[PDB]
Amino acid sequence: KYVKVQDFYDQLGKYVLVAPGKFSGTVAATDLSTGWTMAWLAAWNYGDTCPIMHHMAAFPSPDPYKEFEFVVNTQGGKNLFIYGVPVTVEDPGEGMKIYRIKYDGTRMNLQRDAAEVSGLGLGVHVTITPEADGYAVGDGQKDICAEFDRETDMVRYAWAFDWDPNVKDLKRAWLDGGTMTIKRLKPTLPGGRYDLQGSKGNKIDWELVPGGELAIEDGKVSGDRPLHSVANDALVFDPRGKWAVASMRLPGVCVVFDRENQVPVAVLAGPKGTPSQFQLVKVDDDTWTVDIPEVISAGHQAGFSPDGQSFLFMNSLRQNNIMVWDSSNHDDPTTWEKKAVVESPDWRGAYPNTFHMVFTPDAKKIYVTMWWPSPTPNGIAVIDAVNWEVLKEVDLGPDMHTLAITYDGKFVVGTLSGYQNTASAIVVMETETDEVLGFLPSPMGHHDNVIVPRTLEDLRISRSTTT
């Protein structure tokens, strides 16, 4: 006669959800087949003075219930003062830690801070390589992204980016175009180490939040070198191998990198009305430039379809759409050409903004997020990835963040995070008829979440190809 919540979990399958919690200072694994939290960790327990637990990704495991490993990073400094929490720690730790954690079937074990090992600290998106042999991190305060080895936590290659505006006034520095520099970043310390932990390398004193291109232009973001910011976000991976793609928010471009040869190969132009690409110019063995005549919109989410056939870059704020390239030629990214743009009245005004996406395994649909400042309901839009069309939107609640999918394609599992001070939850949506099945408690300010993959194939629709 009474309803068992167990009936709800039974339908979901044997899948493990993991999410960090931003200001909660915690990270947590949840068994979607029973409702239990399997294990949680609090970084304060380890001496972390600013445990803003940020992005994460998990390596595949043959049985996540027996063990899995993941990478979760942190932010610090003035990132602590971004929200409507009246924080009282005026001088917090610097963050930019890159933690390696292993769930061992019972508990989470903090293995180390890869930022200490490598010397490179980075605080935005974390992704797993498609071979599950490494991971990558980006950062929009220091504009560096890097691919790291899973066994050693050392950098394989790191890239620094810089902006040289046509017009040396913050209001016009991006709109009126400029030249971006792509620079090979080499170790400066003994033992192959970098000297780029915590705040070292910061151009700006906090990460640009949604709409932050306007704040930086308006002189409202402090830092050493704001005129030269690009706000790198992520380093995402072609599921077919070989290529990694770095997203650059403020110049509205993605840079395609050859992973093994450690050179950029292509620059993709985000905004609608630009060509497919800009010309990459080699200056020397460590340095490349690209000239961008004007930037009519910043962009944000970048990622691939699970078959590598499509690459997507979201324009956000000044334009809101999804720019789509034909990346079917795996041999030569300079031939990748614009094939579609997803547009919709759902992209009402300056908001909502779409920062996250997940594909179905067969690549026919995608679930993308619709974020707004409080108090407009935030939610999910469903995209037809064959005809490049928005099918449906659903309203959920405050502060929508990331989306994952169970590896059978059946359920999208997302996080809402209360702007760090109000309502937060896990949402479950079924992909057959695109109905919201409801919410699970989650007292965490999640900016990321994954389902733990079992195979390399699973990684194609996990935190590897998209953010």
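Quick note: we count residues from 1 along the sequence shown, nothing fancier. We call the rigid core whatever largest set of C-alpha positions still superposes within 1.5 Å between the two forms.
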Practice item. Could you say which moves further from this form in 4 other deposited structures of this protein, stretch 341 to 349 or stretch 100 to 108, by root mean square CA distance after aligning on the core? Key: 341 to 349
Point to revise | Segment of greater CA departure in 4 other deposited structures of this protein, 229 to 237 or 213 to 221, core superposed | key: 213 to 221
Practice item. Taking the mean of the C-alpha B-factors per stretch from the entry, tell me the winner out of 68 to 76 and 161 to 169. Key: 161 to 169
Exercise for review: Could you check which stretch, 279 to 287 or 299 to 307, carries the larger mean CA temperature factor in the entry?
Suggested key: 279 to 287
Check your understanding: Between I383, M108, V245, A146, where does the Cα B-factor run highest in the record?
Key -> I383
Revision key, fill the gap. From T369, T188, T376, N232, the top C-alpha temperature factor is at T188
Practice item. Give the position of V390 by CA B-factor within its chain, expressed as the lowest, middle or highest third. Key: highest
Exercise for review: Please place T433 in the lowest, middle or highest third of its chain by C-alpha B factor as given in the entry.
Suggested key: highest
Exercise for review: Among all modelled residues of this chain, ranked by Cα B factor, put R100 in the bottom, middle or top third, i.e. lowest, middle or highest.
Suggested key: lowest
Check your understanding: What third of the chain, by the recorded C-alpha B-factor, contains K200?
Key -> middle
Review point. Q6's Cα B-factor: lowest, middle or highest third of the chain?
Key: highest
